[PDB]
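Colleague: Next up is a structure, given as structure tokens.
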Amino acid sequence: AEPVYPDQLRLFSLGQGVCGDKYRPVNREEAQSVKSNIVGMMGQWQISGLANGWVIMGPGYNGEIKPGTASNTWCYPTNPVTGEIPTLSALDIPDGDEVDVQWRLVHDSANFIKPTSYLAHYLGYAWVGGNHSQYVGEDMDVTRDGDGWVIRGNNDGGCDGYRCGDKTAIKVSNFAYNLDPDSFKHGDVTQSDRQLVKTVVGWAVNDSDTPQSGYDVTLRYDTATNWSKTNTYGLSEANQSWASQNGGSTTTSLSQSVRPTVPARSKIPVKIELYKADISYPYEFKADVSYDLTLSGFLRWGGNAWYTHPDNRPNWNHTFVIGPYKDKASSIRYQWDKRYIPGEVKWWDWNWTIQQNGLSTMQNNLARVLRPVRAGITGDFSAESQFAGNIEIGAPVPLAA
Amino acid sequence: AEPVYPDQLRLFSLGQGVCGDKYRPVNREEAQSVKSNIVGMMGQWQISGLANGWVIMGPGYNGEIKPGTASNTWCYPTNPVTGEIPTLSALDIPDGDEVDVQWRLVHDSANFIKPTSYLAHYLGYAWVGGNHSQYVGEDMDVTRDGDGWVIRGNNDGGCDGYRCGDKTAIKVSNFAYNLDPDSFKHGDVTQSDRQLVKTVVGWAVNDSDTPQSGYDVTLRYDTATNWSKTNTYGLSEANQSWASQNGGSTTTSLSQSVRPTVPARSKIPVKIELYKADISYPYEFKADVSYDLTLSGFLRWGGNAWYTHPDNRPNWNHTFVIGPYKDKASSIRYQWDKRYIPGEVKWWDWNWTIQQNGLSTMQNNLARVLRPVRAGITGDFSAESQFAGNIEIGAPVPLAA
Amino acid sequence: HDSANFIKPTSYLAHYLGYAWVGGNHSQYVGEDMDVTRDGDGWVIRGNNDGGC
Amino acid sequence: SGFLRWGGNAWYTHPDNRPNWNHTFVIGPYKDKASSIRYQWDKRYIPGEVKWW
């Protein structure tokens, strides 16, 4: 048939048939996804009209579904629903230095840290918000590590509840750029040093009345490192012996050559040079910002969507990747595919979060979280001992044939 | 919102609202950068109107910021400011030999050593200036090391203060050239010696009535060095044994070949020669000069911008790179990005230097330091055992098909 | 866990060295306020870090 | 492990400001200067080799 979206199912006490206005009765096929999952909607001894001659039994009957009829029919509105996070409008970030850009994203209060922290609560974390008031995720404070940013409200003054302080945190990890091909300014290029590696100088002549083809000359330079690792076995601590090894190696190589075409009856001077040293460019370009999200412990007991929520009480850490990826558990949009169908979630019960916070609640907030970040990156580039060189074909000297 | 530039913040005793003419009240967002940093502008028990229902508490309250109102409102002029070092006008250096050029840069008194040494003082160094008078950085004297230049005023005659002599120094390190593509004269090329490596002589003929393609002949020469390094383990000082190795190697290679196209019905003589030995060119070209700056100890106690200025008293060495690079701490322009926003400076408190010397003071002097050096480099080039060779296609002999 | 001939000593070292420390339920410098926990490999001792202060 | 109160010094070129420290001591025969205690103790009193740690 066609998968059902759990929170659209409804139970009616209409005896048998259809319900509401468009709510068709649930079939034996759907029962596969209904199994287990739906039990949260009924009591131990609560049985219910699956339909088509079937009744769902509750926990007291070990969750079995048997033939027969009841008066509590489960029905489903037979209408398509928004099974995805709504249109990610857009985010306009002003141009600036890469880290300056990071700051503006990080500090965009209600449009950034707000809904993020709201999820933390919805998700199942405990101390979400600073020492100021009773609002979820409000008054978070921000600091920075050279390799990331940390959101964590002030830990001073007033403090109550179970465990004083021990606040949860939102950390900004790595990030990347959807370097939009429509724009990219490469700036001036230089080197910052010198070191001669090797050169070659020579020439070729055409002692004929016809133009010739290539006078190929190549200058090449290779580097390599090796990695050996051998284990051997003699007398168990003998004659028969073992030796085994894991490698291996890596190399780099740089060539460069001329393919000059001397004109009839002439001499051509040729030079190739190879150096090594530092290089630098400046950017600048516009791109969509990809954003990594890290959440720290600890969990709110009794309000966790994580499957293992039957027990324990605290430090559950996890990261997400905010962008167009399918890196399993890190993809929030991917996770919606587990709301319906499989028990193979490999993460958390999103249906639980729906019945706790409301579908539209999170539905909206998730868009606030996931929408694209459009920005212009200013700044530059530098690198250590890279390679550099040049090739030239000098002017012809009218003397040969 | 939009980062604030610390030294533009002002406190007014106007109760509540706005200040001056355009000074808007500071928001809760800005408070993140205000935190810690701003404390230097107030006393232990000094509290102040953050605004929007918030008050900043001083050191006596452990630096917390709480809800409420005061009469000391912090405001900000809501106008964009020159958050960078001003236009680097230009510097006209006359053409001369590379080292001759270095001399002119080094000895350009008021336009070079002056503002540099002024920074040394502003920066936080102690004995800045020679034994002559009471002026900062005046009467510095210059000497030279084959690999760099040293600025250091005479150490004789009059001398007082804490520690006699022990002057600070300004050293000129490496430098590089923005070889502007608009000009580059390659001069005459020669070798300074000979040594035959290997040659090959031969020929090819066309015994048909049609022109042929390539008669490829290649002469190749390779060199290589190896690097082995193995550690092994027997009886802990046994049967089971370990061996591990780090590599690796490097090679150089030089080819060269002919791709001659013999005309129908003929004979072509071919020769390829390979030699090794010294080579030389002369330049000459114009370029922008990149300049490395090294400062020696020792620090002026009580007047240091370096974060660790709460204690100790002397030898703090550090280098800068004067040019378009992002090599972290060595980039003065990059450093301005830490004046505002992060506590993650990884260097010195530039805001401290502003409140001590004046913004416009340093603002101007930094340009005097960082402006481009335009110059023409005269001189030449030499190198040891490089490779050299030649290729020739001799005149055709009318005899084949 | 004995701590009387171990921590009440050690904690004085900490304080004497000049480390920031208070005990959840005590105004004393001595490590009276604390208990023993573990990370399997070794052990950790901490003064509650509960209650207001 | 933790933060320095204000004054104090276990192995640092102090005075300092208000940061952490996080280092160890070896209570044993292992003669290793940076964590010896007894060595450190026996040395300062002789030349002032080290700072106020």
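FYI, nothing fancy with the structure tokens labels: chains A, B, ... in order, residues from 1 per chain, ligands from 1 as they appear.
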Chain C: which residues are helix (DSSP H, G or I) by DSSP, as a PyMOL selection string?
Modeller: chain C and resi 7-17
Colleague: Mind running chain B against chain D at 8 Å and telling me each contacting residue's nearest atom pair with the distance in Å (one decimal), counting only C-alpha atoms, chain and number ascending, as a tab-separated table?
Modeller:
```
residue	atom	partner	partner_atom	distance
B:308	CA	D:16	CA	7.8
B:310	CA	D:16	CA	5.9
B:311	CA	D:15	CA	5.6
B:312	CA	D:15	CA	7.8
```
Colleague: For chain C, list the residues within 12 Å of chain A, counting only C-alpha atoms, and write the list as a ChimeraX atom specification.
Modeller: /C:24,48-53
Colleague: Could you write out the selected residues, including N, CA, C and O atoms, as a tab-separated table (two decimals), in the first residue's frame?
Modeller:
```
chain	number	residue	atom	x	y	z
C	24	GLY	N	31.40	21.73	49.81
C	24	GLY	CA	29.95	21.94	49.72
C	24	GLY	C	29.27	22.25	51.07
C	24	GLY	O	28.49	23.19	51.17
C	48	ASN	N	31.74	17.10	47.04
C	48	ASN	CA	30.34	17.32	46.69
C	48	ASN	C	30.19	18.07	45.41
C	48	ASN	O	29.95	17.48	44.36
C	49	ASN	N	30.24	19.39	45.52
C	49	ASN	CA	29.95	20.28	44.42
C	49	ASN	C	28.46	20.23	44.25
C	49	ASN	O	27.93	19.98	43.17
C	50	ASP	N	27.81	20.46	45.37
C	50	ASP	CA	26.38	20.45	45.50
C	50	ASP	C	26.02	21.41	46.61
C	50	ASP	O	26.84	21.70	47.49
C	51	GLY	N	24.81	21.93	46.56
C	51	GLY	CA	24.38	22.95	47.50
C	51	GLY	C	24.79	24.30	46.94
C	51	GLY	O	25.53	24.37	45.96
C	52	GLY	N	24.30	25.38	47.53
C	52	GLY	CA	24.67	26.70	47.03
C	52	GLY	C	25.99	27.17	47.62
C	52	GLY	O	26.45	26.64	48.63
C	53	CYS	N	26.58	28.19	47.01
C	53	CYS	CA	27.81	28.76	47.53
C	53	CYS	C	28.08	30.12	46.93
C	53	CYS	O	27.50	30.49	45.91
```
Colleague: Give me, as a VMD selection string, all polymer residues having an atom no more than 12 Å from residue A:355, counting only C-alpha atoms and skipping those fewer than 4 positions away in the same chain.
Modeller: chain A and resid 6 to 8 40 to 41 122 303 305 349 to 351 359 to 362
Colleague: Pick out the chain B residues within 6 Å of chain A. Count only C-alpha atoms. Give them as a PyMOL selection string.
Modeller: chain B and resi 176+239-259+386-395
Colleague: Keeping only N, CA, C and O atoms, write the selected residues to a file as a compact mmCIF listing (two decimals), in the first residue's frame.
Modeller:
```txt
# COMPACT_ATOMS: atom_id res chain seq x y z
N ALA B 176 61.63 38.82 0.46
CA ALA B 176 61.25 38.18 -0.79
C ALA B 176 60.76 39.19 -1.79
O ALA B 176 60.63 40.37 -1.48
N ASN B 239 62.55 -14.11 20.45
CA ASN B 239 61.75 -15.05 19.65
C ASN B 239 60.63 -14.28 18.97
O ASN B 239 60.54 -14.27 17.75
N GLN B 240 59.80 -13.62 19.76
CA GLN B 240 58.88 -12.66 19.21
C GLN B 240 59.72 -11.44 18.94
O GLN B 240 60.47 -11.00 19.82
N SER B 241 59.65 -10.88 17.75
CA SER B 241 60.50 -9.74 17.51
C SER B 241 59.90 -8.68 16.62
O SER B 241 59.09 -8.95 15.73
N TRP B 242 60.32 -7.45 16.89
CA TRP B 242 59.84 -6.29 16.17
C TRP B 242 60.86 -5.64 15.30
O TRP B 242 62.03 -5.52 15.65
N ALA B 243 60.38 -5.13 14.18
CA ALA B 243 61.22 -4.36 13.29
C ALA B 243 60.39 -3.25 12.69
O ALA B 243 59.30 -3.48 12.17
N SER B 244 60.91 -2.05 12.71
CA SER B 244 60.16 -0.93 12.17
C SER B 244 61.08 0.04 11.48
O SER B 244 62.21 0.26 11.91
N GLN B 245 60.60 0.63 10.39
CA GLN B 245 61.46 1.53 9.64
C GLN B 245 60.81 2.72 9.02
O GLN B 245 59.72 2.65 8.46
N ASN B 246 61.53 3.83 9.10
CA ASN B 246 61.11 5.05 8.47
C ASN B 246 61.99 5.25 7.26
O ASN B 246 63.19 4.99 7.32
N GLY B 247 61.40 5.72 6.17
CA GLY B 247 62.15 5.96 4.95
C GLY B 247 62.69 7.37 4.86
O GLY B 247 63.72 7.56 5.49
N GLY B 248 62.56 7.92 3.64
CA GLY B 248 62.62 7.11 2.43
C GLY B 248 63.71 7.50 1.44
O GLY B 248 64.86 7.10 1.58
N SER B 249 63.32 8.18 0.38
CA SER B 249 64.27 8.48 -0.67
C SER B 249 63.89 9.67 -1.52
O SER B 249 62.81 10.23 -1.40
N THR B 250 64.80 10.03 -2.41
CA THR B 250 64.52 11.10 -3.35
C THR B 250 65.29 10.91 -4.62
O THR B 250 66.40 10.37 -4.61
N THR B 251 64.71 11.34 -5.72
CA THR B 251 65.38 11.16 -6.99
C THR B 251 65.28 12.39 -7.86
O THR B 251 64.38 13.22 -7.69
N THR B 252 66.16 12.47 -8.83
CA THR B 252 66.09 13.52 -9.83
C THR B 252 66.20 12.85 -11.16
O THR B 252 66.85 11.82 -11.30
N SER B 253 65.62 13.45 -12.17
CA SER B 253 65.68 12.82 -13.46
C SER B 253 65.65 13.81 -14.59
O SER B 253 64.92 14.80 -14.56
N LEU B 254 66.44 13.53 -15.59
CA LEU B 254 66.50 14.40 -16.71
C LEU B 254 66.43 13.64 -18.00
O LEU B 254 67.20 12.71 -18.24
N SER B 255 65.49 14.03 -18.84
CA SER B 255 65.35 13.39 -20.12
C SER B 255 65.69 14.38 -21.18
O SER B 255 66.14 15.48 -20.87
N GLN B 256 65.42 14.00 -22.41
CA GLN B 256 65.59 14.81 -23.59
C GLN B 256 65.58 13.92 -24.80
O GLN B 256 66.21 12.86 -24.82
N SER B 257 64.86 14.34 -25.82
CA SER B 257 64.69 13.52 -26.99
C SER B 257 64.37 14.27 -28.25
O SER B 257 64.03 15.45 -28.23
N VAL B 258 64.42 13.54 -29.34
CA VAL B 258 64.07 14.07 -30.63
C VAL B 258 62.81 13.46 -31.11
O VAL B 258 62.53 12.30 -30.82
N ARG B 259 62.09 14.21 -31.93
CA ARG B 259 60.85 13.73 -32.48
C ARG B 259 60.84 14.10 -33.96
O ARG B 259 59.81 14.53 -34.47
N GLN B 386 74.52 21.83 -12.15
CA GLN B 386 73.21 21.62 -12.72
C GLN B 386 73.37 20.87 -14.02
O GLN B 386 74.48 20.49 -14.39
N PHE B 387 72.29 20.64 -14.73
CA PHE B 387 72.44 19.90 -15.96
C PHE B 387 72.35 20.76 -17.18
O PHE B 387 71.73 21.81 -17.17
N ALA B 388 72.99 20.30 -18.25
CA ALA B 388 72.94 21.05 -19.48
C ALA B 388 73.10 20.13 -20.66
O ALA B 388 73.68 19.06 -20.56
N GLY B 389 72.59 20.55 -21.81
CA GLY B 389 72.73 19.67 -22.95
C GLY B 389 72.19 20.25 -24.23
O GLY B 389 71.78 21.41 -24.28
N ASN B 390 72.21 19.44 -25.27
CA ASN B 390 71.75 19.94 -26.53
C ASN B 390 71.25 18.86 -27.45
O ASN B 390 71.61 17.69 -27.33
N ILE B 391 70.43 19.28 -28.39
CA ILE B 391 69.83 18.39 -29.35
C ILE B 391 69.92 18.92 -30.76
O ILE B 391 69.57 20.06 -31.01
N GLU B 392 70.33 18.09 -31.70
CA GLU B 392 70.30 18.63 -33.04
C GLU B 392 69.87 17.64 -34.08
O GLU B 392 70.17 16.45 -34.03
N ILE B 393 69.19 18.19 -35.07
CA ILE B 393 68.78 17.45 -36.23
C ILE B 393 69.57 17.97 -37.39
O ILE B 393 69.44 19.14 -37.74
N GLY B 394 70.43 17.14 -37.96
CA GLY B 394 71.29 17.59 -39.05
C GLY B 394 70.59 17.57 -40.41
O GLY B 394 69.54 16.95 -40.56
N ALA B 395 71.21 18.23 -41.38
CA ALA B 395 70.67 18.31 -42.74
C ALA B 395 70.51 16.96 -43.40
O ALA B 395 71.35 16.08 -43.24
```
Colleague: For a quick test of understanding: name the residues of chain C lying within 10 Å of chain D when counting only C-alpha atoms, and present them as a PyMOL selection string.
Modeller: chain C and resi 13-21
Colleague: Excluding residue B:84 and residues on its chain fewer than 2 positions from it, collect all residues at most 10 Å away from it, counting only C-alpha atoms, and give them as an NGL selection string.
Modeller: :B and (81-82 or 86-87 or 333-334 or 336-337 or 363 or 367)
Colleague: DSSP on the backbone, then: every residue of chain C marked strand (DSSP E), written as number ranges by chain.
Modeller: C: 35-38, 43-46
Colleague: Could you list, as a PyMOL selection string, every residue within 8 Å of residue D:26, counting only C-alpha atoms and ignoring same-chain residues fewer than 6 positions away?
Modeller: chain D and resi 35-37
Colleague: Just N, CA, C and O atoms for this one: save the residues we selected as an mmCIF file, in the first residue's frame.
Modeller:
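Writing done, so here's out_19.cif:
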```cif
data_model
loop_
_atom_site.group_PDB
_atom_site.id
_atom_site.type_symbol
_atom_site.label_atom_id
_atom_site.label_comp_id
_atom_site.auth_asym_id
_atom_site.auth_seq_id
_atom_site.Cartn_x
_atom_site.Cartn_y
_atom_site.Cartn_z
ATOM 1 N N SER D 35 58.330 16.338 39.002
ATOM 2 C CA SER D 35 57.269 15.791 39.839
ATOM 3 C C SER D 35 57.810 15.141 41.090
ATOM 4 O O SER D 35 57.148 14.315 41.717
ATOM 5 N N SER D 36 59.037 15.473 41.437
ATOM 6 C CA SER D 36 59.695 14.846 42.571
ATOM 7 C C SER D 36 59.306 15.299 43.961
ATOM 8 O O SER D 36 59.451 14.520 44.903
ATOM 9 N N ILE D 37 58.898 16.554 44.126
ATOM 10 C CA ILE D 37 58.660 17.056 45.469
ATOM 11 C C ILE D 37 59.958 17.092 46.206
ATOM 12 O O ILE D 37 60.642 18.107 46.165
#
```
Colleague: Calculate how many Å separate atom CA of residue A:177 from atom CA of residue A:112, rounding to one decimal.
Modeller: 18.5 Å
Colleague: Can you tell me which residues surround residue C:4 at a distance of at most 10 Å, considering only C-alpha atoms, apart from same-chain residues fewer than 6 positions away, and format the answer as a ChimeraX atom specification?
Modeller: /C:10,31-32
Colleague: Go ahead and save the residues from that selection, with N, CA and C atoms, as a short mmCIF file (atom, residue, chain, number, x, y, z; two decimals), in the first residue's frame.
Modeller:
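Printed below is result-v1.cif as written:
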```cif
data_model
loop_
_atom_site.label_atom_id
_atom_site.label_comp_id
_atom_site.auth_asym_id
_atom_site.auth_seq_id
_atom_site.Cartn_x
_atom_site.Cartn_y
_atom_site.Cartn_z
N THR C 10 46.54 15.43 52.12
CA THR C 10 46.59 15.87 50.73
C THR C 10 45.86 17.17 50.46
N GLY C 31 39.86 19.17 53.62
CA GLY C 31 38.98 18.36 52.79
C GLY C 31 37.99 17.48 53.56
N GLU C 32 37.28 18.03 54.54
CA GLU C 32 36.32 17.26 55.29
C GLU C 32 35.18 16.93 54.36
#
```
Colleague: Please measure the separation of atom CA of residue B:123 and atom CA of residue B:295, giving the value in Å to one decimal.
Modeller: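 So the answer is 10.5 Å.
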